[PDB]
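Below: the structure, in structure tokens.
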Amino acid sequence: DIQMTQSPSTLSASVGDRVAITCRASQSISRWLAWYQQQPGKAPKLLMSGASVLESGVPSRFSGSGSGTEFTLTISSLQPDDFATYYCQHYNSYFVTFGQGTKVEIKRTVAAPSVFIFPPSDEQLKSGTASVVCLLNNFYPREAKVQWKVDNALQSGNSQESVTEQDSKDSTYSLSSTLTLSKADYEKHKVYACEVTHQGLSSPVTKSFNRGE
Amino acid sequence: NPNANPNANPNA
Amino acid sequence: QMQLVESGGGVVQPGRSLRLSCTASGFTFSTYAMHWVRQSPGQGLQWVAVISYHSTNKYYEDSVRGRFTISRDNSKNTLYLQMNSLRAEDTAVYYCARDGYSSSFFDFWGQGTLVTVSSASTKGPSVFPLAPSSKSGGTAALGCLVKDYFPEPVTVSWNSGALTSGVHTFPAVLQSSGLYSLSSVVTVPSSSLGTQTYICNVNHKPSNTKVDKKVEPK
């Protein structure tokens, strides 16, 4: 019944920053509001309840405020451990709901991706399928677009993407896109290209190969 | 709250 | 030490049933209401059900009411979730959580157990080479594509762990077939393509499939 909306969905900041996350409830819940932190591969952990009451062991740089419908989680000075995903949760009734979560990621300078394209191996072609892979390496920000073209024919719905978490050393992202074609369709066409668009690129960059050549 | 006895909660 | 140990998860077929367990130690299990909370991969948190300290009160979220049943055995310090008529929408990590303040929020969680609702069958991956291009004085990229395996996970290392810098192993993606696929990639100097050999070591324990694939310039 009660919808919890968090904002922003993603937040970019650096160590030493003051950051604020907002949580809006579609209905009055007084101060019955809890905040949770979740690191990758870890169960969530309670930070506050009653909007503002810290759990033992939670650094006091965390603090919550608000009443009724709008609530704020504040971090006075961001520390390395604080980069994670944050959820709010109401307990105005038994039937609790969470916000969709706010991920706090590391801000850095723009970095354009290095683009590589890989043809299908001959080992794979012997099986009846061909996978064409396009690699976007060490870029920032996370937003990037990959277009596949086979003999100038735009491919739509037959590729899948995967993105890494922020690198632990340089805080960049990497993306891998795979184009799936049948072995027969792969043999009927010559030019295989993936075109990449990204803030760090003055114009889109295209990497391509000619089958067998 | 390990010290809270749920058998002695007068709010129930 | 306070801990909540969960078990009973794994792959289950749609329409079938499954019981999750969560065993408590280091605190008085019998004085706390206990919850189940789930999180689907890549998604947020969702509360499932609660049971009072002496089992008198049980509540469920809409999507599971009538299919899931929660219970407990205080003499064993154990919490149960009986899941019936399982659907693809029930795939998630299932956490048990203590209601330390008796207020429908969660101050202590177990580390969760994964439940995968699928009809796909256990299958080891094919490991194909992503060979470096001939048009690569500076930096070159190579990898290996591990295709069509189930269930998760697979592990990937390079040169039996000796090569970790520049390594990106991507999250698996689920194909319409029901099988997973992932790519592992590393960037190396182009000047080292004729000298240094590059082996990606794939291990898919569910099928006992271990593959060492050399990735060479074609």
Side-chain angles (χ1 to χ4, degrees), chain A residues 1 6 32-34 36 38 41-46 48-50 53 55-56 85 87 89-101 114-125 127 129 131 133 135 137-138 160-165 167 169 173-178 180 207 209, chain C residues 4 35 37 39 43-47 50 57 59-62 93 95 97 99-101 103-112 126-133 136 139-145 147-148 165-166 168-175 181-185 187 213 215 218:
Chain A
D1 174 62
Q6 284 177 245
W32 314 130
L33 192 281
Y36 299 88
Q38 186 172 37
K42 292 278 127 191
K45 151 179 168 209
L46 178 61
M48 305 170 201
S49 54
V53 183
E55 282 288 286
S56 178
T85 301
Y87 297 87
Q89 178 229 313
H90 86 78
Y91 49 101
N92 201 65
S93 70
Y94 305 141
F95 307 89
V96 312
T97 57
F98 294 82
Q100 78 289 4
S114 303
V115 184
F116 306 89
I117 185 166
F118 295 95
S121 70
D122 292 326
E123 294 84 328
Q124 185 185 26
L125 295 171
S127 65
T129 303
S131 302
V133 175
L135 171 70
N137 204 46
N138 300 331
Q160 288 187 284
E161 263 178 12
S162 201
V163 186
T164 53
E165 291 299 287
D167 184 82
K169 297 186 217 295
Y173 297 91
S174 295
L175 184 148
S176 169
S177 187
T178 304
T180 307
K207 296 301 183 197
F209 66 89
Chain C
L4 285 167
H35 300 253
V37 180
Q39 179 173 45
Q43 306 258 79
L45 300 161
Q46 181 187 90
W47 168 83
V50 61
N57 301 319
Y59 305 111
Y60 308 87
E61 64 167 323
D62 287 352
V93 173
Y95 302 102
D99 196 334
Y101 296 94
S103 187
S104 289
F105 66 91
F106 324 116
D107 71 332
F108 183 58
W109 305 58
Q111 224 55 229
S126 296
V127 180
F128 301 120
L130 301 168
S133 73
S136 72
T139 300
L142 58 95
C144 62
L145 165 69
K147 206 198 181 58
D148 307 333
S165 186
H168 297 296
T169 299
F170 294 89
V173 295
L174 184 51
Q175 300 166 103
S181 283
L182 76 71
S183 295
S184 188
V185 146
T187 52
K213 183 70 194 177
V215 175
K218 179 164 175 176

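The analysis underlying the following values was restricted to heavy atoms, covering all of them including side chains, and did not include hydrogens, waters or symmetry mates. Throughout, protein chains are lettered first and strands after them, A, B, ... in sequence-line order, and every chain is numbered starting at 1.
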Under 4.5 Å from a heavy atom of chain C, the part of [X] involved:
X        : answer
A:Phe95  : both
A:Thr97  : neither
A:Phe209 : neither
A:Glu165 : neither
A:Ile117 : neither
A:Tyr94  : both
A:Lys42  : both

Considering only heavy atoms, which portion of [X] lies under 4.5 Å from any heavy atom of chain A: side chain, backbone, both, or neither?
X        : value
C:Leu142 : backbone
C:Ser181 : neither
C:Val37  : side chain
C:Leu145 : side chain
C:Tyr101 : side chain
C:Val50  : neither
C:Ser103 : both
C:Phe170 : both
C:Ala131 : backbone

*So A:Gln89 and C:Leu45, side-chain contact (heavy atoms from CB on, under 4.5 Å) or not? Walk me through it.*
CA-CA 9 Å; A:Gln89 178 229 313; C:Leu45 300 161; over 6 Å; no
_Which one wins on heavy-atom pair count under 4.5 Å against chain A: C:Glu61, C:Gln43, C:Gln39, C:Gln46?_
C:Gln39
*Any side-chain donor-acceptor pair under 3.5 Å between C:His168 and A:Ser174?*
yes
*asked:* Can a donor-acceptor pair be found, under 3.5 Å and without considering hydrogens, that links the side chain of A:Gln100 to the backbone of A:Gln6?
replied: yes
*Rounded to the nearest 0.5 Å, how far apart are CG of C:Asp107 and OG of A:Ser56?*
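These two atoms lie 11.0 Å from each other.
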*asked:* Please confirm whether the ring centroid of C:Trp47 lies under 6.0 Å from the ring centroid of A:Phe98.
replied: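 No, they do not, as the ring centres are separated by 6.0 Å or more.
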